[PDB]
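What follows is one structure encoded as structure tokens, with my remarks underneath.
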Amino acid sequence: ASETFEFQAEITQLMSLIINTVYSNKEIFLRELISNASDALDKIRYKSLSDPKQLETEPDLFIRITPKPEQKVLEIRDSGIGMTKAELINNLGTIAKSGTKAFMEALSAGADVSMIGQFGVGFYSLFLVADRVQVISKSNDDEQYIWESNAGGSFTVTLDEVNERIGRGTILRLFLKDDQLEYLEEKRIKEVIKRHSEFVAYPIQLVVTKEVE
Ligand SMILES: CO[C@H]1/C=C/C=C(/C)C(=O)NC2=C(C)C(=O)C(NCCN(C)C)=C(C[C@@H](C)C[C@H](OC)[C@H](O)[C@H](C)/C=C(\C)[C@H]1OC(N)=O)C2=O
């Protein structure tokens with residue numbers, strides 16, 4: 001089933017750096033998780049210009065945020081390109097990432113955290129509001145996998161026998177810090193999106209559970 005890989009040294013420093021941080025601008029994680037969604041959607045859209053058969057596994061292009069208050073979990077789904085087992089391992093590295101050293105040094109010097117995106121390590125910004133993450137992904141080239149991290153020195157990758165089938169794409173499952181549950185509220189999620197994710201090519205769905213009036 002499961003399988004452990006160790007994070008490259010500097011990437012651990014970075015996660016540690018982020019998770020033990022104050023900063024009112026924590027909301028920017030959502031900005032970043034939505035960029036990645038858009039970038040992954042861009043890729044599959046483009047990819048299928050030369051290969052229409054490629055969109056077939058999940059026709060519609062969307063981003064969809066689901067709060068799950070019941071279990072202090074916020075999920076950001078896309079129908080983007082997705083990531084294979086190999087891609088999960090190399091890219092949620094394992095492999096040394098260029099902006100990483102460059103950014104922490106940037107941080108120490110006075111840099112704002114929202115810069116994280118401009119250093120190409122934006123994904124790790126999620127640890128501002130989460131201490132567990134599941135990246136479940138399903139790429140056309142491969143089976144659905146779960147990548148898990150608690151922000152330690154190593155992460156796990158399991159074949160996904162457990163959550164639902166993404167036609168294609170990726171769900172970010174965030175297990176939220178107890179002080180950061182505001183990101184489960186509709187009003188709040190709506191506020192962050194409207195301020196940061198203003199210019200986005202794809203639809204942004206928000207799943208909301210109403211008890212019957
Ligand atoms: C949550 O998962 C995300 C990935 C986490 C990535 C980390 C580490 C991140 O902090 N920074 C990166 C960002 C932001 C990029 O935009 C980016 N794009 C290419 C830029 N250039 C170098 C070619 C890269 C390089 C590769 C990792 C890209 C990926 O593997 C080839 C894929 O192309 C797909 C599209 C992945 C996504 C962007 C996200 O997937 C979804 N579905 O959300 C980054 O490293």
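So you can find residues: chains in the structure tokens are A, B, ... in the order shown, residues in each start at 1, and ligands are numbered from 1 in order.
The shell of residues at most 6 Å from residue A:81, with only C-alpha atoms counted and near chain neighbours (fewer than 6 positions) removed, consists of residues 40, 44 and 169 of chain A.
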> Which residues in stretch 91-183 of chain A does DSSP call strand (DSSP E or B)? List them as an NGL selection string.
Replying inline: :A and (130-138 or 145-149 or 154-159 or 169-176)
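Across A:14, A:41, A:121, A:109, the tightest approach to ligand 1 is made by A:121 when counting only C-alpha atoms and all ligand atoms.
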Would you give me, as CSV, each residue of chain A having an atom within 7 Å of an atom of ligand 1, along with its shortest atom pair and that distance in Å to one decimal, using only C-alpha atoms and all ligand atoms and sorting by chain and residue number?
residue,atom,partner,partner_atom_place_in_ligand_line,distance
A:33,CA,ligand 1,43 (O),6.4
A:36,CA,ligand 1,38 (C),4.1
A:37,CA,ligand 1,43 (O),4.3
A:39,CA,ligand 1,35 (C),5.4
A:40,CA,ligand 1,35 (C),3.7
A:43,CA,ligand 1,35 (C),6.4
A:78,CA,ligand 1,42 (N),6.2
A:80,CA,ligand 1,42 (N),5.5
A:81,CA,ligand 1,35 (C),6.3
A:82,CA,ligand 1,42 (N),5.3
A:83,CA,ligand 1,34 (C),6.6
A:87,CA,ligand 1,30 (O),6.1
A:91,CA,ligand 1,27 (C),4.9
A:92,CA,ligand 1,8 (C),5.3
A:117,CA,ligand 1,14 (C),6.8
A:120,CA,ligand 1,11 (N),4.6
A:121,CA,ligand 1,10 (O),3.4
A:122,CA,ligand 1,10 (O),4.2
A:123,CA,ligand 1,10 (O),3.6
A:124,CA,ligand 1,10 (O),5.9
A:135,CA,ligand 1,1 (C),6.7
A:169,CA,ligand 1,42 (N),6.0
A:170,CA,ligand 1,42 (N),4.9
A:172,CA,ligand 1,1 (C),6.6
>> If you run DSSP on the backbone here, which positions in stretch 111-202 of chain A get helix (DSSP H, G or I)? Please write them as a PyMOL selection string.
In response: chain A and resi 113-119+122-128+178-184+186-195
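Distance check against residue A:105 using only C-alpha atoms: of A:180, A:119, A:151, A:164, the minimum falls on A:119.
Considering the residues A:174, A:86, A:136, A:115 and counting only C-alpha atoms, residue A:160 has its shortest atom-to-atom contact with A:136.
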>> Quick one: residues within 9 Å of residue A:63, only C-alpha atoms, excluding same-chain residues fewer than 2 positions away - as a PyMOL selection string?
In response: chain A and resi 34+37-38+41+61+65+76-80+202-206
Selection above as a file: N, CA, C and O atoms, as a PDB file, in the first residue's frame:
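Resulting contents of again_6.pdb:
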ATOM      1  N   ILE A  34      -5.364  28.234  -5.774  1.00  0.00           N
ATOM      2  CA  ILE A  34      -6.127  28.545  -6.936  1.00  0.00           C
ATOM      3  C   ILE A  34      -5.282  28.833  -8.163  1.00  0.00           C
ATOM      4  O   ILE A  34      -5.710  28.462  -9.244  1.00  0.00           O
ATOM      5  N   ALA A  37      -4.312  25.431  -9.419  1.00  0.00           N
ATOM      6  CA  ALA A  37      -5.479  24.916 -10.127  1.00  0.00           C
ATOM      7  C   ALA A  37      -5.544  25.493 -11.553  1.00  0.00           C
ATOM      8  O   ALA A  37      -5.553  24.758 -12.551  1.00  0.00           O
ATOM      9  N   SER A  38      -5.554  26.810 -11.649  1.00  0.00           N
ATOM     10  CA  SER A  38      -5.589  27.419 -12.962  1.00  0.00           C
ATOM     11  C   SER A  38      -4.403  26.949 -13.834  1.00  0.00           C
ATOM     12  O   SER A  38      -4.613  26.519 -14.970  1.00  0.00           O
ATOM     13  N   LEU A  41      -5.153  23.504 -15.051  1.00  0.00           N
ATOM     14  CA  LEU A  41      -6.192  23.546 -16.021  1.00  0.00           C
ATOM     15  C   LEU A  41      -5.625  24.057 -17.372  1.00  0.00           C
ATOM     16  O   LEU A  41      -5.847  23.411 -18.419  1.00  0.00           O
ATOM     17  N   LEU A  61     -13.997  21.927 -17.340  1.00  0.00           N
ATOM     18  CA  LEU A  61     -12.877  22.551 -16.659  1.00  0.00           C
ATOM     19  C   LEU A  61     -13.407  23.453 -15.554  1.00  0.00           C
ATOM     20  O   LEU A  61     -14.085  24.446 -15.819  1.00  0.00           O
ATOM     21  N   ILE A  65     -14.162  24.375  -4.491  1.00  0.00           N
ATOM     22  CA  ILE A  65     -13.801  24.374  -3.091  1.00  0.00           C
ATOM     23  C   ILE A  65     -14.877  23.786  -2.224  1.00  0.00           C
ATOM     24  O   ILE A  65     -16.007  24.242  -2.257  1.00  0.00           O
ATOM     25  N   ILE A  76      -9.648  21.768  -2.053  1.00  0.00           N
ATOM     26  CA  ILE A  76      -9.686  22.526  -3.291  1.00  0.00           C
ATOM     27  C   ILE A  76      -9.528  21.563  -4.445  1.00  0.00           C
ATOM     28  O   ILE A  76      -8.425  21.046  -4.678  1.00  0.00           O
ATOM     29  N   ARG A  77     -10.623  21.336  -5.176  1.00  0.00           N
ATOM     30  CA  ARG A  77     -10.525  20.537  -6.385  1.00  0.00           C
ATOM     31  C   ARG A  77     -10.398  21.267  -7.726  1.00  0.00           C
ATOM     32  O   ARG A  77     -10.985  22.334  -7.936  1.00  0.00           O
ATOM     33  N   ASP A  78      -9.606  20.665  -8.619  1.00  0.00           N
ATOM     34  CA  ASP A  78      -9.533  21.068 -10.031  1.00  0.00           C
ATOM     35  C   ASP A  78      -9.724  19.859 -10.972  1.00  0.00           C
ATOM     36  O   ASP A  78      -9.617  18.671 -10.563  1.00  0.00           O
ATOM     37  N   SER A  79     -10.085  20.172 -12.214  1.00  0.00           N
ATOM     38  CA  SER A  79     -10.110  19.169 -13.263  1.00  0.00           C
ATOM     39  C   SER A  79      -8.933  19.472 -14.203  1.00  0.00           C
ATOM     40  O   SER A  79      -9.050  19.390 -15.430  1.00  0.00           O
ATOM     41  N   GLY A  80      -7.795  19.819 -13.601  1.00  0.00           N
ATOM     42  CA  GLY A  80      -6.583  20.143 -14.330  1.00  0.00           C
ATOM     43  C   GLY A  80      -5.909  18.899 -14.880  1.00  0.00           C
ATOM     44  O   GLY A  80      -6.546  17.870 -15.099  1.00  0.00           O
ATOM     45  N   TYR A 202     -11.259  30.175 -15.314  1.00  0.00           N
ATOM     46  CA  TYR A 202     -12.134  28.990 -15.095  1.00  0.00           C
ATOM     47  C   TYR A 202     -13.188  29.217 -14.024  1.00  0.00           C
ATOM     48  O   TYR A 202     -13.040  30.120 -13.190  1.00  0.00           O
ATOM     49  N   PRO A 203     -14.258  28.404 -14.040  1.00  0.00           N
ATOM     50  CA  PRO A 203     -15.294  28.680 -13.042  1.00  0.00           C
ATOM     51  C   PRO A 203     -14.811  28.292 -11.637  1.00  0.00           C
ATOM     52  O   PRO A 203     -14.076  27.305 -11.489  1.00  0.00           O
ATOM     53  N   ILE A 204     -15.169  29.080 -10.628  1.00  0.00           N
ATOM     54  CA  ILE A 204     -14.816  28.680  -9.287  1.00  0.00           C
ATOM     55  C   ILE A 204     -16.084  28.324  -8.521  1.00  0.00           C
ATOM     56  O   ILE A 204     -16.848  29.213  -8.099  1.00  0.00           O
ATOM     57  N   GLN A 205     -16.289  27.014  -8.350  1.00  0.00           N
ATOM     58  CA  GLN A 205     -17.417  26.490  -7.597  1.00  0.00           C
ATOM     59  C   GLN A 205     -17.106  26.376  -6.142  1.00  0.00           C
ATOM     60  O   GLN A 205     -16.005  25.962  -5.764  1.00  0.00           O
ATOM     61  N   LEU A 206     -18.102  26.717  -5.332  1.00  0.00           N
ATOM     62  CA  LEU A 206     -18.061  26.540  -3.899  1.00  0.00           C
ATOM     63  C   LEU A 206     -19.200  25.634  -3.442  1.00  0.00           C
ATOM     64  O   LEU A 206     -20.377  25.971  -3.568  1.00  0.00           O
TER      65      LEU A 206
END
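The nearest approach to residue A:141 among the residues A:85, A:165, A:188, A:194, with only C-alpha atoms taken into account, belongs to A:85.
A straight line drawn from atom CA of residue A:12 to atom CA of residue A:94 is 10.2 Å long.
One distance worth recording is that between atom CA of residue A:171 and atom CA of residue A:113, which is 23.8 Å.
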> Using only C-alpha atoms, which residue out of A:54, A:199, A:70, A:193 lies closest to residue A:139?
Replying inline: A:54
> Which residues, written as a list in words, have at least one atom at most 12 Å from residue A:90, with only C-alpha atoms counted and residues fewer than 4 positions away on the same chain left out?
Replying inline: residues 5, 6, 7, 8, 83, 84, 85, 86, 94, 95, 96, 97, 147, 155 and 157 of chain A
Written file, previous selection with N, CA, C and O atoms, as an mmCIF file, in the first residue's frame:
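Result file out_18.cif:
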data_model
loop_
_atom_site.group_PDB
_atom_site.id
_atom_site.type_symbol
_atom_site.label_atom_id
_atom_site.label_comp_id
_atom_site.auth_asym_id
_atom_site.auth_seq_id
_atom_site.Cartn_x
_atom_site.Cartn_y
_atom_site.Cartn_z
ATOM 1 N N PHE A 5 8.922 8.580 1.204
ATOM 2 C CA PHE A 5 10.075 9.313 0.654
ATOM 3 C C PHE A 5 10.442 10.476 1.552
ATOM 4 O O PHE A 5 9.581 11.051 2.215
ATOM 5 N N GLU A 6 11.724 10.824 1.543
ATOM 6 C CA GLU A 6 12.264 11.874 2.401
ATOM 7 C C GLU A 6 12.257 13.222 1.609
ATOM 8 O O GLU A 6 12.607 13.242 0.414
ATOM 9 N N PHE A 7 11.852 14.327 2.252
ATOM 10 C CA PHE A 7 11.890 15.674 1.625
ATOM 11 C C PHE A 7 13.317 16.186 1.449
ATOM 12 O O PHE A 7 14.125 16.051 2.367
ATOM 13 N N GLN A 8 13.646 16.809 0.320
ATOM 14 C CA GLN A 8 14.974 17.391 0.234
ATOM 15 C C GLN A 8 15.149 18.435 1.347
ATOM 16 O O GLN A 8 14.285 19.280 1.578
ATOM 17 N N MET A 83 -1.326 14.627 -11.860
ATOM 18 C CA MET A 83 0.068 14.294 -11.625
ATOM 19 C C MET A 83 0.199 12.797 -11.407
ATOM 20 O O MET A 83 -0.520 12.237 -10.580
ATOM 21 N N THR A 84 1.126 12.157 -12.119
ATOM 22 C CA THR A 84 1.351 10.711 -11.989
ATOM 23 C C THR A 84 2.038 10.327 -10.650
ATOM 24 O O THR A 84 2.303 11.195 -9.802
ATOM 25 N N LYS A 85 2.314 9.039 -10.435
ATOM 26 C CA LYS A 85 2.990 8.648 -9.202
ATOM 27 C C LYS A 85 4.392 9.278 -9.209
ATOM 28 O O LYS A 85 4.784 9.964 -8.250
ATOM 29 N N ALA A 86 5.103 9.100 -10.326
ATOM 30 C CA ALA A 86 6.466 9.675 -10.532
ATOM 31 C C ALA A 86 6.535 11.194 -10.320
ATOM 32 O O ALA A 86 7.448 11.681 -9.621
ATOM 33 N N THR A 94 11.480 15.286 -2.150
ATOM 34 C CA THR A 94 12.565 14.642 -2.964
ATOM 35 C C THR A 94 13.540 15.534 -3.748
ATOM 36 O O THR A 94 14.707 15.651 -3.356
ATOM 37 N N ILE A 95 13.098 16.138 -4.843
ATOM 38 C CA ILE A 95 14.029 16.919 -5.637
ATOM 39 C C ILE A 95 14.041 18.415 -5.225
ATOM 40 O O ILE A 95 12.974 19.050 -5.054
ATOM 41 N N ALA A 96 15.278 18.906 -5.027
ATOM 42 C CA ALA A 96 15.652 20.304 -4.778
ATOM 43 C C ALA A 96 14.964 21.320 -5.719
ATOM 44 O O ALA A 96 15.031 21.205 -6.952
ATOM 45 N N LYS A 97 14.307 22.315 -5.129
ATOM 46 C CA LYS A 97 13.473 23.253 -5.876
ATOM 47 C C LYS A 97 14.157 24.641 -5.857
ATOM 48 O O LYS A 97 14.567 25.121 -4.797
ATOM 49 N N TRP A 147 -0.782 11.663 -1.815
ATOM 50 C CA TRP A 147 0.497 12.101 -1.294
ATOM 51 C C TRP A 147 0.189 12.737 0.038
ATOM 52 O O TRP A 147 -0.695 13.609 0.130
ATOM 53 N N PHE A 155 7.445 12.149 3.497
ATOM 54 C CA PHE A 155 6.052 12.034 3.075
ATOM 55 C C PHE A 155 5.743 10.671 2.515
ATOM 56 O O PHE A 155 6.652 9.914 2.152
ATOM 57 N N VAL A 157 3.311 8.104 -0.109
ATOM 58 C CA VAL A 157 2.530 8.051 -1.338
ATOM 59 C C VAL A 157 1.863 6.701 -1.439
ATOM 60 O O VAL A 157 2.528 5.660 -1.533
#
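Our summary of the geometry notes that atom CA of residue A:173 is positioned 13.0 Å from atom CA of residue A:29.
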